[PDB]
Amino acid sequence: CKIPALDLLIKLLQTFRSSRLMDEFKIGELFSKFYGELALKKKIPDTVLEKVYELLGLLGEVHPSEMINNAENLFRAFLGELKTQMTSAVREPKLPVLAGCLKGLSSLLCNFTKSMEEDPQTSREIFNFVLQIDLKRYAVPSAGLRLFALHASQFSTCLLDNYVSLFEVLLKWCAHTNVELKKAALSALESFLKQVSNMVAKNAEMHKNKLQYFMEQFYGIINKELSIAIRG
Amino acid sequence: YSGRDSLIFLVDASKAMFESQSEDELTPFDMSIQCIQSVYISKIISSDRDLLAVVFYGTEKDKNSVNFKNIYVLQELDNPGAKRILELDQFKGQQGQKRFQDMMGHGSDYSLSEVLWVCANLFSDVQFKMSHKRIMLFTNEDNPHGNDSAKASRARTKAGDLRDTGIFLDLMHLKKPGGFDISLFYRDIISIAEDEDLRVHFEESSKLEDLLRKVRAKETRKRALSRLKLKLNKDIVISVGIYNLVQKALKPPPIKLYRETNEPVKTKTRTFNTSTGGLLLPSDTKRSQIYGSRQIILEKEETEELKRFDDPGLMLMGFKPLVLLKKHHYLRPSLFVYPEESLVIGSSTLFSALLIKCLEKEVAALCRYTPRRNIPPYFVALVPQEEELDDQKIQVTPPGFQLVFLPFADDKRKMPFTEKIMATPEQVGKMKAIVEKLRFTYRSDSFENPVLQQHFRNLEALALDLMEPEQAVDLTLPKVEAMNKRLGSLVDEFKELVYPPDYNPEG
DNA sequence: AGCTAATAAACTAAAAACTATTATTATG
DNA sequence: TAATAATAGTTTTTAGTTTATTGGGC
């Protein structure tokens with residue numbers, strides 16, 4: 001299981017991204033077997049082979065209810081993996097390919113479930129919020145930013161916190177190099193601002209966050225950053 | 001690593017290789033092929049990952065790609081296999097030679113330059129990193145290509161060319177009744193780093209006796225165990241390599257394979273919900289230990305951090321005279337430490353200074369050793385072993401610090417002891433004489449595990465599918481009859497000296 | 001005249017070393 | 001516009017688990 005598996009997996013993945021709901025309905029058994037082979041207790045596949053996570057990202061079918069049933073197993077596995085990974089105390093923060101692949105998995109999976117009605121919502125909130133420094137053109141930060149941008153909605157009622165820190169980290173991320181990271185951070189900016197505005201507009205304490213978050217930074221703005229400021 | 005090894009064997013496909021002075025002596029082709037079989041067996045057990053090939057010259061036919069006449073390649077550069085052994089042995093013998101001479105020609109003119117072209121091209125074929133372009137050939141005569149002066153000139157030109165290309169070759173002396181004629185045509189043209197040509201060698205006197213001897217080992221290459229570091233106080237750190245000049249070998253693990261297909265079947269193993277019949281996950285895992293009634297649950301990094309004490313490295317404790325170590329205090333096989341400038345530059349100078357100084361002081365180095373991540377660090381002693389040479393100035397002992405381990409208090413296991421009992425001095429003298437009877441000088445390479453030898457014997461025997469398997473000889477069995485005849489009556493003399501005349505030591 | 005316990009050996013996974021390559025940035 | 005730099009891909013030990021294991025018993 002090597003470059004053969006890598007190229008085959010990316011081939012079939014882009015196949016689903018192209019072939020969307022015509023005859024690709026013989027995959028439920030395939031999804032089950034992929035989930036089972038994930039449960040191989042021997043994690044001998046390489047981190048590059050862990051883009052099998054993007055495998056579990058599945059939309060080419062109607063997403064039958066059995067996929068929903070297995071989705072909770074999937075989410076628990078991802079949470080355990082991530083809490084194992086980010087613990088830099090064990091000197092094993094190494095999830096280079098893992099993080100982005102599980103990111104895309106959660107991206108294409110959260111479209112069906114995980115509304116802001118439970119603790120795992122704020123759990124995965126904290127999981128993403130940890131986004132210690134990185135290198136290597138910073139693929140994982142971009143992955144996390146894209147995930148948050150696509151699913152900022154599910155983080156309601158618990159995204160209002162860390163707002164200054166979230167804002168400044170997004171600013172630096174969109175200010176860093178690797179312009180792809182720039183635009184991912186920009187998308188995260190628009191999603192975050194939209195969600196916080198929507199939740200504030202129907203709040204009761206709205207004045208607190210109002211006077212404590214926004215006009216000061218907005219005034220301090222006065223580059224493409226100006227467009228973000230105007231949108232804000 | 002820094003390269004690999006490969007040899008190619010060249011056999012004169014002529015009639016001089018198919019005769020014998022007397023029938024007790026095999027043909028030159030005969031002992032050459034059997035020594036080839038022995039060499040291949042040794043390579044398989046020792047260094048099967050090497051490259052070996054067989055080419056013939058002087059035969060009537062030919063098989064080389066360039067299709068030079070008389071140049072018939074038999075086998076190409078490949079890891080040795082039992083199939084090749086069978087192909088060789090089908091012609092190995094007093095009648096298999098006739099079978100070869102039937103199905104294959106032998107005896108014709110050719111040019112050594114041509115076989116050198118062929119072997120050079122075969123060298124070009126291989127692509128892995130390569131270190132020893134050793135070429136082996138077998139004959140008892142040299143002058144046939146000196147008969148044609150042009151052939152001699154072109155052969156020596158190509159020989160010089162291949163020497164320039166780094167190719168090294170070696171020839172075996174074969175029994176030519178008129179003498180191999182050393183110094184006439186080859187040692188002036190062949191590649192030699194030294195000269196011992198004094199006798200034209202009417203016989204085959206050279207190193208077949210070593211080659212036909214079968215070796216049984218693995219001879220793992222020089223691989224650094226770790227470039228682990230010595231933390232002097234907190235910042236004074238040096239880079240040193242770790243090595244084990246002795247490493248307990250063991251029988252290679254078996255490979256589980258099928259019956260009628262013999263295919264090594266992959267075995268996926270996982271865990272599923274026993275109470276449900278579903279499936280479990282590595283995340284869905286929790287280890288437990290119940291002491292009495294209470295059950296305690298621990299996780300992966302939970303079990304990891306309890307093993308965490310410090311960074312993998314060496315932490316100096318201090319110095320203590322070598323004599324303050326009890327010889328009977330042993331923990332496990334010792335290690336060796338070698339300096340390096342790969343990471344800490346100048347660390348070799350510090351290592352040399354420390355070695356010289358502590359050798360002068362006759363002291364040991366006490367240090368805290370952490371092999372790798374999440375392991376309790378243990379105290380060890382670094383005895384300075386000076387490099388000793390021999391009459392050949394070869395390292396009978398390399399320089400550096402032999403790494404001996406210091407056991408802990410728990411290691412000490414007390415036993416029900418008894419009082420001190422003495423013996424009469426005349427019985428001690430009898431013991432001295434009896435020891436002197438059977439005394440000898442020990443040598444490390446004089447003993448070996450017969451069990452692994454018998455394992456090999458069986459392995460190549462079933463590989464060679466003979467009637468019977470080769471029988472290994474145990475070198476660890478005492479020469480009971482020889483020792484008994486060497487001692488004499490001193491045994492029973494001391495028996496009656498100490499043991500009761502009526503009571504034998506048997507209960 | 002019925003009863004069984006350390007155990008080296010074997011079997012695993014797991015961690016490192018040691019090669020072998022390459023997603024990246026100046027930069028025109 | 002295009003070179004270099006962390007990276008995994010093989011062995012290789014190595015450090016826990018597993019087992020069939022002679023002795024007493026009475």
# chains A, B, ... in the order shown; residues from 1 in each chain; ligands from 1
$ select_by_dssp --residues "segment 53-176 of chain A" --states "helix (DSSP H, G or I)" --output "PyMOL selection string"
chain A and resi 53-56+65-85+88-90+96-109+119-129+136-150+153-155+163-175
$ write_last_selection --atoms "C-alpha atoms" --output "PDB file, in the first residue's frame"
ATOM      1  CA  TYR A  53     -10.345  10.027   5.552  1.00  0.00           C
ATOM      2  CA  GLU A  54     -11.345  12.090   2.523  1.00  0.00           C
ATOM      3  CA  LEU A  55     -12.794   8.775   1.338  1.00  0.00           C
ATOM      4  CA  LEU A  56     -15.352   8.874   4.137  1.00  0.00           C
ATOM      5  CA  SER A  65     -29.231   6.262   6.889  1.00  0.00           C
ATOM      6  CA  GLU A  66     -26.589   3.584   7.472  1.00  0.00           C
ATOM      7  CA  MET A  67     -23.962   6.204   6.667  1.00  0.00           C
ATOM      8  CA  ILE A  68     -25.643   8.378   9.296  1.00  0.00           C
ATOM      9  CA  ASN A  69     -25.411   5.516  11.794  1.00  0.00           C
ATOM     10  CA  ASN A  70     -21.711   5.017  11.105  1.00  0.00           C
ATOM     11  CA  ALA A  71     -21.082   8.775  11.134  1.00  0.00           C
ATOM     12  CA  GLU A  72     -21.099   8.857  14.937  1.00  0.00           C
ATOM     13  CA  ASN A  73     -18.450   6.132  14.999  1.00  0.00           C
ATOM     14  CA  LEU A  74     -16.509   8.215  12.492  1.00  0.00           C
ATOM     15  CA  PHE A  75     -16.782  11.395  14.558  1.00  0.00           C
ATOM     16  CA  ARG A  76     -15.687   9.649  17.744  1.00  0.00           C
ATOM     17  CA  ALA A  77     -12.691   8.211  15.904  1.00  0.00           C
ATOM     18  CA  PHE A  78     -11.749  11.664  14.616  1.00  0.00           C
ATOM     19  CA  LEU A  79     -12.084  13.234  18.056  1.00  0.00           C
ATOM     20  CA  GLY A  80      -9.907  10.559  19.638  1.00  0.00           C
ATOM     21  CA  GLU A  81      -7.331  10.878  16.870  1.00  0.00           C
ATOM     22  CA  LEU A  82      -7.203  14.668  17.150  1.00  0.00           C
ATOM     23  CA  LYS A  83      -6.921  14.703  20.937  1.00  0.00           C
ATOM     24  CA  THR A  84      -4.129  12.158  20.557  1.00  0.00           C
ATOM     25  CA  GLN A  85      -2.386  14.284  17.927  1.00  0.00           C
ATOM     26  CA  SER A  88       2.492  18.119  21.939  1.00  0.00           C
ATOM     27  CA  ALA A  89       3.448  16.958  25.446  1.00  0.00           C
ATOM     28  CA  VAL A  90       3.852  13.408  24.108  1.00  0.00           C
ATOM     29  CA  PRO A  96       0.630  16.326   8.659  1.00  0.00           C
ATOM     30  CA  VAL A  97      -1.677  14.632   6.164  1.00  0.00           C
ATOM     31  CA  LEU A  98      -4.170  13.518   8.831  1.00  0.00           C
ATOM     32  CA  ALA A  99      -5.439  16.967   9.767  1.00  0.00           C
ATOM     33  CA  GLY A 100      -6.476  18.220   6.334  1.00  0.00           C
ATOM     34  CA  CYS A 101      -7.982  14.885   5.339  1.00  0.00           C
ATOM     35  CA  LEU A 102     -10.149  14.650   8.444  1.00  0.00           C
ATOM     36  CA  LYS A 103     -10.936  18.314   7.792  1.00  0.00           C
ATOM     37  CA  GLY A 104     -12.374  17.504   4.378  1.00  0.00           C
ATOM     38  CA  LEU A 105     -14.142  14.504   5.880  1.00  0.00           C
ATOM     39  CA  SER A 106     -15.862  16.658   8.490  1.00  0.00           C
ATOM     40  CA  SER A 107     -16.574  19.215   5.773  1.00  0.00           C
ATOM     41  CA  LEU A 108     -18.508  16.831   3.569  1.00  0.00           C
ATOM     42  CA  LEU A 109     -20.059  15.015   6.549  1.00  0.00           C
ATOM     43  CA  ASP A 119     -21.746  19.337  23.626  1.00  0.00           C
ATOM     44  CA  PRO A 120     -19.759  17.716  20.738  1.00  0.00           C
ATOM     45  CA  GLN A 121     -20.435  20.971  18.913  1.00  0.00           C
ATOM     46  CA  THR A 122     -18.297  22.948  21.356  1.00  0.00           C
ATOM     47  CA  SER A 123     -15.939  19.969  21.539  1.00  0.00           C
ATOM     48  CA  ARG A 124     -15.047  20.176  17.849  1.00  0.00           C
ATOM     49  CA  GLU A 125     -15.108  23.947  18.293  1.00  0.00           C
ATOM     50  CA  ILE A 126     -12.222  23.667  20.749  1.00  0.00           C
ATOM     51  CA  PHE A 127     -10.588  21.065  18.503  1.00  0.00           C
ATOM     52  CA  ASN A 128     -10.429  23.495  15.592  1.00  0.00           C
ATOM     53  CA  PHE A 129      -9.711  26.533  17.769  1.00  0.00           C
ATOM     54  CA  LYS A 136       5.827  23.633   5.021  1.00  0.00           C
ATOM     55  CA  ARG A 137       3.516  26.194   3.358  1.00  0.00           C
ATOM     56  CA  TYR A 138       0.998  25.681   6.187  1.00  0.00           C
ATOM     57  CA  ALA A 139      -1.442  23.257   4.582  1.00  0.00           C
ATOM     58  CA  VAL A 140      -3.195  22.270   7.813  1.00  0.00           C
ATOM     59  CA  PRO A 141      -4.066  25.875   8.810  1.00  0.00           C
ATOM     60  CA  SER A 142      -5.604  26.426   5.382  1.00  0.00           C
ATOM     61  CA  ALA A 143      -7.578  23.205   5.762  1.00  0.00           C
ATOM     62  CA  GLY A 144      -8.901  24.304   9.139  1.00  0.00           C
ATOM     63  CA  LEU A 145      -9.822  27.729   7.797  1.00  0.00           C
ATOM     64  CA  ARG A 146     -11.746  26.231   4.883  1.00  0.00           C
ATOM     65  CA  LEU A 147     -13.557  23.834   7.214  1.00  0.00           C
ATOM     66  CA  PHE A 148     -14.602  26.662   9.516  1.00  0.00           C
ATOM     67  CA  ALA A 149     -15.692  28.801   6.571  1.00  0.00           C
ATOM     68  CA  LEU A 150     -17.898  26.013   5.239  1.00  0.00           C
ATOM     69  CA  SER A 153     -23.062  27.953  11.188  1.00  0.00           C
ATOM     70  CA  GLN A 154     -22.865  24.913  13.472  1.00  0.00           C
ATOM     71  CA  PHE A 155     -20.644  26.843  15.910  1.00  0.00           C
ATOM     72  CA  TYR A 163     -13.691  36.790  19.352  1.00  0.00           C
ATOM     73  CA  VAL A 164     -10.662  39.062  19.729  1.00  0.00           C
ATOM     74  CA  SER A 165      -8.285  36.103  19.454  1.00  0.00           C
ATOM     75  CA  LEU A 166     -10.207  34.603  16.537  1.00  0.00           C
ATOM     76  CA  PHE A 167     -10.212  37.967  14.773  1.00  0.00           C
ATOM     77  CA  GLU A 168      -6.493  38.606  15.228  1.00  0.00           C
ATOM     78  CA  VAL A 169      -5.496  35.068  14.260  1.00  0.00           C
ATOM     79  CA  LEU A 170      -7.618  35.358  11.124  1.00  0.00           C
ATOM     80  CA  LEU A 171      -5.974  38.709  10.382  1.00  0.00           C
ATOM     81  CA  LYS A 172      -2.472  37.285  10.643  1.00  0.00           C
ATOM     82  CA  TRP A 173      -3.459  34.177   8.673  1.00  0.00           C
ATOM     83  CA  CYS A 174      -4.780  36.298   5.810  1.00  0.00           C
ATOM     84  CA  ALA A 175      -1.666  38.467   6.165  1.00  0.00           C
TER      85      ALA A 175
END
$ interface_residues --of "chain C" --to "chain B" --cutoff "12 Å" --atoms "only C-alpha atoms (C1' of nucleotides)" --output "ChimeraX atom specification"
/C:9-13,15-20
$ atom_distance --atom1 "atom CA of residue 93 of chain B" --atom2 "atom CA of residue 467 of chain B"
17.0 Å
$ residues_around --residues "residue 451 of chain B" --least-positions-apart "3" --cutoff "10 Å" --atoms "only C-alpha atoms (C1' of nucleotides)" --output "mmCIF file with N, CA and C atoms, in the first residue's frame"
data_model
loop_
_atom_site.group_PDB
_atom_site.id
_atom_site.type_symbol
_atom_site.label_atom_id
_atom_site.label_comp_id
_atom_site.auth_asym_id
_atom_site.auth_seq_id
_atom_site.Cartn_x
_atom_site.Cartn_y
_atom_site.Cartn_z
ATOM 1 N N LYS B 251 17.215 -17.380 15.297
ATOM 2 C CA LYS B 251 16.665 -17.998 14.102
ATOM 3 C C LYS B 251 15.678 -17.047 13.431
ATOM 4 N N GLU B 448 30.415 -22.319 19.112
ATOM 5 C CA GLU B 448 29.261 -21.886 18.340
ATOM 6 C C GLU B 448 28.057 -22.719 18.754
ATOM 7 N N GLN B 454 22.338 -26.973 13.248
ATOM 8 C CA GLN B 454 21.455 -28.042 12.799
ATOM 9 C C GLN B 454 20.236 -27.476 12.087
ATOM 10 N N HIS B 455 19.722 -26.346 12.573
ATOM 11 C CA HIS B 455 18.644 -25.660 11.870
ATOM 12 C C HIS B 455 19.040 -25.359 10.434
ATOM 13 N N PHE B 456 20.224 -24.776 10.248
ATOM 14 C CA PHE B 456 20.706 -24.506 8.899
ATOM 15 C C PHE B 456 20.805 -25.797 8.103
ATOM 16 N N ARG B 457 21.536 -26.777 8.639
ATOM 17 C CA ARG B 457 21.667 -28.087 8.007
ATOM 18 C C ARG B 457 20.339 -28.564 7.443
ATOM 19 N N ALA B 472 25.325 -31.533 11.738
ATOM 20 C CA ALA B 472 26.220 -30.595 12.396
ATOM 21 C C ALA B 472 26.954 -31.282 13.541
ATOM 22 N N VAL B 473 28.118 -30.740 13.885
ATOM 23 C CA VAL B 473 28.969 -31.288 14.933
ATOM 24 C C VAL B 473 28.970 -30.322 16.107
ATOM 25 N N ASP B 474 28.624 -30.829 17.285
ATOM 26 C CA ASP B 474 28.600 -30.010 18.489
ATOM 27 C C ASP B 474 30.020 -29.824 19.007
#
$ residues_around --residues "residue 233 of chain B" --least-positions-apart "6" --cutoff "10 Å" --atoms "only C-alpha atoms (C1' of nucleotides)" --output "ChimeraX atom specification"
/B:315-317
$ write_last_selection --atoms "N, CA, C and O atoms" --output "short mmCIF file (atom, residue, chain, number, x, y, z; two decimals), in the first residue's frame"
data_model
loop_
_atom_site.label_atom_id
_atom_site.label_comp_id
_atom_site.auth_asym_id
_atom_site.auth_seq_id
_atom_site.Cartn_x
_atom_site.Cartn_y
_atom_site.Cartn_z
N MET B 315 23.51 11.48 30.57
CA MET B 315 23.64 12.49 31.62
C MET B 315 24.74 12.06 32.58
O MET B 315 24.55 11.13 33.37
N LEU B 316 25.88 12.74 32.51
CA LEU B 316 27.03 12.36 33.32
C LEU B 316 26.73 12.51 34.81
O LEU B 316 26.17 13.52 35.25
N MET B 317 27.10 11.49 35.58
CA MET B 317 26.97 11.51 37.03
C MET B 317 28.29 11.84 37.72
O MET B 317 28.32 12.68 38.63
#
$ decode --residues "chain C" --atoms "N, CA and C atoms (P, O5', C5', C4', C3', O3' and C1' of nucleotides)" --output "short mmCIF file (atom, residue, chain, number, x, y, z; two decimals), in the first residue's frame"
data_model
loop_
_atom_site.label_atom_id
_atom_site.label_comp_id
_atom_site.auth_asym_id
_atom_site.auth_seq_id
_atom_site.Cartn_x
_atom_site.Cartn_y
_atom_site.Cartn_z
P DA C 1 0.50 -47.36 43.83
"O5'" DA C 1 -0.18 -46.73 42.53
"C5'" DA C 1 -1.60 -46.80 42.35
"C4'" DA C 1 -2.25 -45.44 42.56
"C3'" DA C 1 -1.84 -44.36 41.57
"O3'" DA C 1 -2.93 -43.47 41.34
"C1'" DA C 1 -1.11 -43.76 43.75
P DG C 2 -3.36 -43.10 39.84
"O5'" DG C 2 -3.48 -41.51 39.86
"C5'" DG C 2 -4.70 -40.88 39.47
"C4'" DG C 2 -5.05 -39.75 40.42
"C3'" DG C 2 -4.35 -38.42 40.13
"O3'" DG C 2 -5.19 -37.61 39.30
"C1'" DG C 2 -3.96 -39.05 42.39
P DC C 3 -4.54 -36.49 38.34
"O5'" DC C 3 -4.15 -35.30 39.34
"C5'" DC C 3 -5.17 -34.61 40.05
"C4'" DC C 3 -4.59 -33.83 41.21
"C3'" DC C 3 -3.90 -32.52 40.84
"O3'" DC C 3 -4.14 -31.53 41.83
"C1'" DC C 3 -2.34 -33.98 41.86
P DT C 4 -4.40 -30.01 41.40
"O5'" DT C 4 -3.03 -29.55 40.73
"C5'" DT C 4 -2.96 -28.34 39.98
"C4'" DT C 4 -1.56 -27.77 40.00
"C3'" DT C 4 -1.27 -26.73 38.93
"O3'" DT C 4 -0.24 -25.85 39.38
"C1'" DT C 4 -0.01 -28.67 38.48
P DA C 5 -0.62 -24.44 40.05
"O5'" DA C 5 0.75 -23.62 40.04
"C5'" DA C 5 1.73 -23.86 41.05
"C4'" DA C 5 3.10 -23.36 40.60
"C3'" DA C 5 3.14 -21.93 40.08
"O3'" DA C 5 4.41 -21.36 40.35
"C1'" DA C 5 3.75 -23.40 38.35
P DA C 6 4.62 -19.77 40.29
"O5'" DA C 6 6.19 -19.58 40.48
"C5'" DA C 6 6.92 -18.70 39.62
"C4'" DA C 6 8.01 -19.45 38.89
"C3'" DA C 6 8.71 -18.66 37.78
"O3'" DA C 6 10.06 -19.12 37.65
"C1'" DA C 6 7.66 -20.51 36.84
P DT C 7 10.89 -18.89 36.29
"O5'" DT C 7 10.41 -20.09 35.34
"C5'" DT C 7 11.36 -20.83 34.60
"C4'" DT C 7 11.25 -20.51 33.12
"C3'" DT C 7 11.35 -19.03 32.78
"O3'" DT C 7 12.25 -18.84 31.71
"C1'" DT C 7 9.41 -19.96 31.82
P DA C 8 13.55 -17.92 31.90
"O5'" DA C 8 14.59 -18.51 30.83
"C5'" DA C 8 14.75 -19.91 30.72
"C4'" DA C 8 14.23 -20.41 29.38
"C3'" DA C 8 14.74 -19.65 28.16
"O3'" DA C 8 15.03 -20.58 27.12
"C1'" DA C 8 12.38 -19.60 28.19
P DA C 9 15.33 -20.08 25.63
"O5'" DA C 9 13.89 -20.09 24.94
"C5'" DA C 9 13.07 -21.24 25.05
"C4'" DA C 9 11.96 -21.21 24.02
"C3'" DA C 9 12.34 -20.59 22.69
"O3'" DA C 9 11.79 -21.36 21.63
"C1'" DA C 9 10.53 -19.39 23.65
P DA C 10 11.90 -20.87 20.11
"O5'" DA C 10 10.51 -20.12 19.88
"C5'" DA C 10 9.32 -20.70 20.38
"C4'" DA C 10 8.15 -19.76 20.20
"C3'" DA C 10 8.11 -19.05 18.85
"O3'" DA C 10 6.89 -19.35 18.19
"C1'" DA C 10 7.75 -17.53 20.65
P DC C 11 6.55 -18.70 16.77
"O5'" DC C 11 5.72 -17.40 17.15
"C5'" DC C 11 4.79 -17.46 18.22
"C4'" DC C 11 4.22 -16.09 18.52
"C3'" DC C 11 4.05 -15.19 17.30
"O3'" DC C 11 2.68 -14.87 17.13
"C1'" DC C 11 5.01 -14.02 19.14
P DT C 12 2.12 -14.45 15.68
"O5'" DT C 12 1.62 -12.95 15.90
"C5'" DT C 12 2.55 -11.88 15.84
"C4'" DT C 12 2.26 -10.86 16.92
"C3'" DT C 12 2.54 -9.43 16.51
"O3'" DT C 12 1.37 -8.88 15.93
"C1'" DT C 12 3.51 -9.87 18.64
P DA C 13 1.48 -7.68 14.88
"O5'" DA C 13 1.52 -6.37 15.79
"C5'" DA C 13 0.62 -6.23 16.88
"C4'" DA C 13 1.16 -5.24 17.91
"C3'" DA C 13 1.36 -3.82 17.41
"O3'" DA C 13 1.19 -2.92 18.48
"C1'" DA C 13 3.45 -4.73 17.99
P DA C 14 1.08 -1.35 18.20
"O5'" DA C 14 2.56 -0.81 18.47
"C5'" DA C 14 3.08 -0.81 19.78
"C4'" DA C 14 4.47 -0.22 19.80
"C3'" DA C 14 4.67 1.01 18.90
"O3'" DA C 14 5.54 1.93 19.53
"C1'" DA C 14 6.21 -0.64 18.31
P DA C 15 5.71 3.42 18.94
"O5'" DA C 15 6.87 4.06 19.84
"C5'" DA C 15 7.75 3.21 20.56
"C4'" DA C 15 9.14 3.25 19.97
"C3'" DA C 15 9.46 4.47 19.10
"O3'" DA C 15 10.76 4.95 19.42
"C1'" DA C 15 9.92 2.50 17.92
P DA C 16 11.23 6.40 18.93
"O5'" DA C 16 12.55 6.10 18.07
"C5'" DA C 16 13.70 5.61 18.73
"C4'" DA C 16 14.68 5.02 17.73
"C3'" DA C 16 15.19 5.99 16.66
"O3'" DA C 16 16.58 5.82 16.48
"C1'" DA C 16 14.33 4.07 15.64
P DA C 17 17.46 6.90 15.70
"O5'" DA C 17 18.75 6.08 15.27
"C5'" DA C 17 18.67 4.66 15.16
"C4'" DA C 17 19.18 4.19 13.82
"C3'" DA C 17 19.69 5.29 12.90
"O3'" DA C 17 20.71 4.77 12.08
"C1'" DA C 17 17.87 4.24 11.89
P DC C 18 21.71 5.76 11.30
"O5'" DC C 18 22.19 4.87 10.07
"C5'" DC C 18 21.57 3.62 9.83
"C4'" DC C 18 20.79 3.65 8.53
"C3'" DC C 18 21.20 4.77 7.56
"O3'" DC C 18 21.91 4.24 6.46
"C1'" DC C 18 18.84 4.39 7.61
P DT C 19 22.96 5.16 5.67
"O5'" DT C 19 22.07 6.38 5.14
"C5'" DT C 19 21.93 6.63 3.75
"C4'" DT C 19 21.01 5.61 3.11
"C3'" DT C 19 20.31 6.08 1.85
"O3'" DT C 19 21.15 5.92 0.73
"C1'" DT C 19 18.75 5.03 3.27
P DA C 20 21.18 7.06 -0.40
"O5'" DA C 20 19.76 6.93 -1.12
"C5'" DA C 20 19.44 5.76 -1.85
"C4'" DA C 20 17.94 5.66 -2.07
"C3'" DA C 20 17.30 6.88 -2.70
"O3'" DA C 20 17.37 6.79 -4.12
"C1'" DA C 20 16.10 6.30 -0.77
P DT C 21 17.11 8.09 -5.02
"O5'" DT C 21 15.52 8.24 -5.02
"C5'" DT C 21 14.91 9.40 -5.54
"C4'" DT C 21 13.77 9.84 -4.63
"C3'" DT C 21 12.90 10.99 -5.13
"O3'" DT C 21 11.65 10.48 -5.60
"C1'" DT C 21 13.29 11.03 -2.78
P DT C 22 10.69 11.39 -6.50
"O5'" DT C 22 9.91 12.29 -5.44
"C5'" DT C 22 9.62 13.64 -5.74
"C4'" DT C 22 9.16 14.37 -4.50
"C3'" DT C 22 8.89 15.85 -4.69
"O3'" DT C 22 7.94 16.29 -3.74
"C1'" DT C 22 10.75 15.57 -3.27
P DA C 23 6.38 16.36 -4.14
"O5'" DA C 23 5.71 17.15 -2.91
"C5'" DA C 23 4.56 17.97 -3.13
"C4'" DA C 23 4.36 18.91 -1.96
"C3'" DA C 23 3.84 20.28 -2.33
"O3'" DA C 23 3.48 20.96 -1.12
"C1'" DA C 23 6.15 20.41 -1.96
P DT C 24 3.36 22.56 -1.06
"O5'" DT C 24 4.81 23.04 -0.55
"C5'" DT C 24 5.56 23.93 -1.35
"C4'" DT C 24 6.67 24.58 -0.54
"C3'" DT C 24 6.97 26.02 -0.91
"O3'" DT C 24 7.45 26.74 0.22
"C1'" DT C 24 8.78 24.63 -1.58
P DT C 25 6.67 28.08 0.66
"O5'" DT C 25 7.82 29.15 0.93
"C5'" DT C 25 8.01 30.24 0.03
"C4'" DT C 25 9.46 30.36 -0.35
"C3'" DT C 25 9.78 31.47 -1.36
"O3'" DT C 25 11.06 32.02 -1.09
"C1'" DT C 25 10.50 29.45 -2.22
P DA C 26 11.38 33.56 -1.45
"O5'" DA C 26 12.89 33.53 -1.98
"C5'" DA C 26 13.46 34.71 -2.54
"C4'" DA C 26 14.64 34.38 -3.44
"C3'" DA C 26 14.87 35.36 -4.57
"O3'" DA C 26 16.16 35.12 -5.12
"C1'" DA C 26 14.00 33.40 -5.46
P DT C 27 16.88 36.23 -6.03
"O5'" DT C 27 16.16 36.09 -7.45
"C5'" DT C 27 16.13 34.84 -8.13
"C4'" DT C 27 15.41 35.00 -9.45
"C3'" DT C 27 14.96 36.43 -9.73
"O3'" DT C 27 15.04 36.69 -11.12
"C1'" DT C 27 13.08 35.05 -9.72
P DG C 28 16.29 37.50 -11.71
"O5'" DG C 28 15.94 37.69 -13.26
"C5'" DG C 28 16.16 36.62 -14.17
"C4'" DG C 28 14.95 36.41 -15.07
"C3'" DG C 28 14.33 37.69 -15.61
"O3'" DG C 28 14.85 37.96 -16.91
"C1'" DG C 28 12.68 36.43 -14.46
#
